């Protein structure tokens, strides 16, 4: 059952204990633990925010025997050589990009419900403006909400932005920074809006 892995961030934890362990640590801190999916998988559990953790599957290839750590590791469909490469090139960049998002003036802290309230209020006191903000999706670790209104009387739209190790995924493009995310969001909406106003009976 239990599995040995020779590494300073490897702990003998299930998913829950990894979260309890991390509950006191800071954002970006993590553990590596065994997977419930067999001896060719591991998990990285890392802390995004208070009570907010993500569990990332690591797939092992090139295993010298059933219990050894694969000499090639797959995280999110990208190949890495060892756990340290994962920490530096995958995890650290995911943390970097999380901080870039939460430091953005377009990001609002709080619950989905809190941020819907703010955007609805802010839409009221600025009725001829299109408004959008990002916030944390607490029910899907690793995602942000992208909420917007066209004006005071439009309905409230919610879109979904996935954090990746190389940027922010919205619809079908991975934007490398928040600034480029906002610009692409706007450009995408203008593209949809222009389409919606076309004459298909031309």
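Positions refer to the first chain, counted from 1.
- Look at the C-alpha B-factors of 152 to 160 and of 166 to 174. On average they run higher in 152 to 160.
- Taking only CA atoms, the mean B-factor in the PDB entry is higher for 62 to 70 than for the other of 136 to 144 and 62 to 70.
- Between the residues 98, 75, 83, 125, the entry's highest C-alpha temperature factor is the one at 125.
- Ranked within its chain, residue 102 lands in the lowest third, by CA B factor from the PDB record.
- Per-chain ranking of the deposited C-alpha B factor places residue 189 in the highest third.
- Residue-level temperature factors show residue 47 in the lowest third of its chain, judged at the C-alpha atom.
- Among the modelled residues of its chain, residue 33 has a C-alpha B-factor that falls in the middle third according to the deposited record.
- Among the modelled residues of the chain, residue 113 sits in the highest third by CA temperature factor in this PDB entry.
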